[PDB]
Structure formats: C-alpha cells, structure tokens
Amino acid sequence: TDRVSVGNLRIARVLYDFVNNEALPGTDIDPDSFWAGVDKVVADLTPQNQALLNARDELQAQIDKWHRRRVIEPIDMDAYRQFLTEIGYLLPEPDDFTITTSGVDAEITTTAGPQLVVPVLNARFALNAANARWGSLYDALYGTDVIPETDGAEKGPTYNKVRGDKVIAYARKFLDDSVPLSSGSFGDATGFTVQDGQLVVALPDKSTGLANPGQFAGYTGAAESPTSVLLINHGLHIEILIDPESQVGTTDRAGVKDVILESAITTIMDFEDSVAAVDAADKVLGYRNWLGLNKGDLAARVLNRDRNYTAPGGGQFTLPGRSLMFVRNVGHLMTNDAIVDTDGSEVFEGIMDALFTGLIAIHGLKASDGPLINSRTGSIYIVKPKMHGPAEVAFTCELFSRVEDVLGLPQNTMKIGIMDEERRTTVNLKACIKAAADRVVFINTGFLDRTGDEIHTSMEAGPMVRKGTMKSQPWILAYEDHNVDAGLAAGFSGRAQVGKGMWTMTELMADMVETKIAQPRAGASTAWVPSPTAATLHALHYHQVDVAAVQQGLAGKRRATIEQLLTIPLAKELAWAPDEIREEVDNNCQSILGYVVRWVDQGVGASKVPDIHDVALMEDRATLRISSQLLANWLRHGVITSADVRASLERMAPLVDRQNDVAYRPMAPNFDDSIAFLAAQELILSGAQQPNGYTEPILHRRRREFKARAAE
C-alpha cells in the first residue's frame, strides 16, 4: 500500500517518514525502539480507552431514560442527585490535598496574564502567536475600536493625528494607573533618565521618580538618555520606547514612540477544536509546525529572540522573547486512519498525539541551532480537552507515563492542562485534580464545550433556553466559581494556573476591555484570547486587577453547591414569541453553515463568521457543538419542525455563499450536491444521536468525503 508495518500497526508512509526524518533526529531515541513503543502503547491502552468511551454511553443512556420516565413538576433535585450517585456519575469528593507538580516554569506557576490559543496547522498564525509575548499597545489601540472612531478620530488610509493623540493619552493614563509617579502624571512627562540606578521622569516644573521605585526594571541605551524604559507591575513588563525621530515620537511631549506590553505570556498550539485534520497528511502538517516551533526554525517571518536589557543598577539581563508554549492534544473520542491495525481499525488519535507531540516537544527542551526554545525547567505542557470525570484523567496520566517511558523521559515530564469543559468533570472536579495531582499545570473553564455538554446531557429533559441566555444561567455561574474554588483549595496559587474561557467577538475590542476584566476579578490567573492584539489589550486587565491578592481573598470559600451546578437550563413555559424562535433558528443555522462550509470544503478549523446581528464571531468546534445541540434539542421537543430547520438552512446558505473566495464552492442552489451543506444538516438532524453531542464524527467523515471527491 502506502503503509508501513510495525507489529500490529500499519502506519501511513507520510507519518512514518516525517517521524524518522524530522521528529526523531536529535532526540537520541532509537527509531526502532520508538516504533516498537508505539505498537506496545497502542495495544496496551486501547482497551481502556474504548471502555471509558463505552462508560460515557451507558451513563448517558441511563440519564436519557431517567428524564423520559418522569412526569413531575420541576426536577426533584434530591432524587436526581441520588440517582446520579447511584449510577456512578456523581462520585465521592476526596479529602483536601495540595498538588505536588514540580519543574514548572514561572509563566505558569506565578505570572498572571493572557493565554493565547492558535491553530497549529497555520504556520503564519502560530509564529505570530509565539511572538505575541510582546505587543505594541499603540497598535492595539489605534487599530481597534478601543479608541472610538468618532467624528474626527476615524481610521483612514494614512495616520490620523487626532486618533493617534487619543491613543497616546489612553496609554499615558494606563501608565499613571499602573506605575504611578511620586507626583504628577506621565501625561506631562518631558523625558526620562537613570540617575544612581533610579528612574527620573522630567516634568515641566520639576522632576519626579516612581511612587514605588521597585517598579523600575531596566532600560536600554545610555542611562543618560535611554532608548527605552522597562517597568514591571503585577509581574508583567511594560516598556516605554523613546525615539523623538519617529513618526509618533516627533509629536510626543517626551518623544515616546510606543508602549510595549508583555502580552501573551503562554500560548496553546492547538491540534484540537481550532484545526481540521482528518488523515495522516493533515496530522503531519500540524506535527511539522509544532516541530518547527520547538526547534526554533519555523519560518513563513521567524521566531523572535530574547530581549536584552540593562538593569537599574547597571548590570545586564535578558527577558523571554517568546510565549511559553503548550500543545492542545485531541481528547479521548476520535480515531484517525493515520494508523490502522491489521483488522483495518483506526487507532485512537489522542494516543497518537501523546506519542508524537510528546516526541516533538523534546526539541523545545534543548538548544536550537541559540538557547532552547521552550521550558527551561524541563517540562512538556499538554492541554488535554474533553475529559469526563476522574477515571478519564487517570487514563491520560497513565498514557503520559507510558509515553515518557517510550521517549526515555523522566516520569512526570509531560504536564497536563485540564480543561473543565464536560459536566462529569465539573461535578467531580476535585477528584479530577487529585487524579493528576503530580502533573496538573492548569484547570480552565472551557465554557463553550461545557454548554454543549450541558445541552446534550439533559437533552431528554425538555427544551433549553436560547443560546444567548446560557452565559447567564445559574449552572454556568456556579461552574465558573466552583472551578476557581477547587483550584485554590488544591493549592493552585503559586503552583498552577486557574484559567477562564475565550473571548470570541474578535472585532469588539472596546467591549472586551470593558467586560473581560471580570475574569481576573474572579481570581483567574489566565484567560483565553483569540489574537495577539487581544492578548495585548487583555493584559491591561492584569495591571488593573491584582490576581494574587484576589486569590488570597478567595481562600477557603465554597461559593457553589452541587445543587447549583446541577441546575438544568430548561426554558420556562411560553418563553418565546414566533419572531424570537425564528431569530434563534436563523442565527444558529447561519453560524453552523458559515463554520462548516470552510471546515468541510477547505479544511479550516477556525473561522470568523458574522452572526445574524453582523457581529464577527470566531467559531470553532465548541461553538458548533452548542448551535447544533440547541437546534437538535428544540427539534426533539417540538419547539421547531423539520421544515423550520430545512427552510432556515436553505435561507442562510445563500447568505454564507455571499460572505465567502478562491477555493469556495457555493452551497446553493444545489444543496444536496454540497457535502458541506449536507454536513451542516446532519449535525442538526443527527445531533441528538452523536456521542455527548460531539461534532467530530460527522465533520471528519464529511471532510474525508470531500477530499475523496476532489481527488478525481
């Protein structure tokens, strides 16, 4: 064929060659021993992987039946709770404990700041994301709606000085709020100098230093007239660039050219919900980019070097120039035919990701032909998504342990960022953390997947509230607080990240700056952003909120009950008028179609899709999971008919065709000839039958179908 036999496995040649020629050289792992290890790990752990997936199905069957066999008024919470305990869904809560994870980098244990997620299959985006550790505040302010485009302040083809002056003024207020002067305001500064190791800021009438001189972290250039001044606040760096000859510095009262913020402290290179990878060719593209990131030679533009500074006293030092990288592996569900066994059965994809992304990450622990690219403390950081409960966490740990043995790595090298994005994890979160107590480096509320699981788990209970109502429902507010509580109770402060979820409105940056501050105010040491620009703007929130102090104030508090976590988001009687149902259907169909068409026809796993209100939303599989499950639920309970669904899909499809484009194939009017349209339809009409409402089985099948037809 086009496969390589190793034991019981038949490996796609493209993957075999990539591993031997690109991934293995430089790790000192023997190629034959590696492939024997792949065979042995797959054979040994596949049964447990399948058993865990079977357990999800059996628990969900019981829950479906339970709802179908009830007539009572609102749900008897006491009966529901004891039922879930009976079936093993709700497990006992373990005694208090503190995590023991060691060898973790400061960016994770100590620094509070933004965490950027990027599809690993897009080399250009991945490079920008790794370089997003530092970003221009002026560019982020000028280029977005944070500075309103009011009369006279609009963006044009050329620089608008009125707008630029608003940018400068915004940044000066940020400096006053973050690194205050002893007296006066940065808005009146006329220059900066370093005198006896102290920062001196010239005012019109006088000179002043910092109210806290310890916030002066360094400078570049001559101490007499530095080319830049480096400050620190809440552990994050701020750099004032001084250049009176620049276009902006010429207009500035102190010659300031820009303010650079330490922004994306860590970055998650994603193999999961933001990428479309359905075969060996796709996986190799992703693995090769992850390899180039860890070897430091990925080029599309290149990775940045570390940044050199002079210390206040005069010594030299350096700061990391790149975001510390995690990789998000796929979860336990899917198989991939990149490897098949002798029976033709596909191998579990999460098992493969652990082996291959783990192998590749070794390069980030060693010098790059300069210094090693990633973890100086010797860890490999893997986000494991979509786990359901503590036995599934234990399985990830065993998989990582077995992979470490194959790779010759110390035990516990491979650390786990746990997504809390499935109900059976939420309600057993303390036990999930305990199961990974020596590997865990974060917990994070993946609230979009979590909403998808909320809908599917209770699918039989009745019609759910509209998608937009979900973000304010009791269950989700309890879930967010419960996650923070569990992390802090497990000793996460100073040891691991407590993270919150993604901002998806990529153009609504004024709204992000106004509202996303709630996440660090809730004690999250990190939260997810969709772009380098949004990382720079979200960094402002960490200068305003002292997350370390917030976490200390939250200690010992139990702010969510199990009853709150289990409050199902059922709609009340007579909740909606016909126009509101119409808008919900059309909005969900447009978002489904806009995302699925680029997935199936172009293999793009994350797309900006305008919604029914013309708001650009960054869509990935989790937002698709919500929209498809909600419509499945409304169809299941008679809120809408199958004619309503088909009509909405047919009405929104031509609009999506218009929004798109070199490789774009219109879906309309030949709907049944478009694999993408049929995939969108199947996601709704078959949604109730998909395991835990997951979208990958349909998406993968339909993308492979598209590729097959295109190859003739």
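Throughout, rigid core stands for the largest set of C-alpha atoms superposing within 1.5 Å between the two forms. Quick note: we count residues from 1 along the sequence shown, nothing fancier.
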| task | Would you say which of 74-82 and 180-188 moves more relative to the shown form in 7 other deposited structures of this protein, going by RMS C-alpha distance with the core superposed? | result | 74-82
| note | Stretch farther from shown form by Cα RMS in 7 other deposited structures of this protein, picked from 606-614 and 107-115 after core fit, is 606-614
| Between us, would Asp672 come up missing in a third or more of the other compared entries? | no
| message | Is it the case that at least a third of the other compared entries omit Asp661, given both of its neighbours are modelled there? | response | yes
| field | Unmodelled deposited residues between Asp369 and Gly370, binned | value | 1 to 3
| remark: As the entry stands, the deposited residues without coordinates between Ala223 and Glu224 add up to none
| remark: Looking only at C-alpha temperature factors in the entry, 267-275 or 370-378, the higher average sits in 370-378
| Between 31-39 and 662-670, which has the larger average Cα B-factor in the PDB entry? | 662-670
| query | Per the entry, which of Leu199, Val547, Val498, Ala435 tops the list for Cα B factor? | reply | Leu199
| remark: Based on the PDB entry, the highest CA temperature factor among the options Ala300, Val484, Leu333, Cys589 is that of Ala300
| Should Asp420 be placed in the lowest, middle or highest third of its chain by the C-alpha B factor in the entry? | lowest
| field | Where the record places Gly235 (Cα B-factor, split into thirds across the chain) | value | middle
| task | Comparing against every modelled residue in the chain, figure out the third that the C-alpha B-factor of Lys572 lands in (lowest, middle or highest). | result | highest
| query | Among the chain's modelled residues, which third holds the C-alpha B-factor of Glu454? | reply | lowest
| query | What third of the chain, by the recorded C-alpha B-factor, contains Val6? | reply | lowest
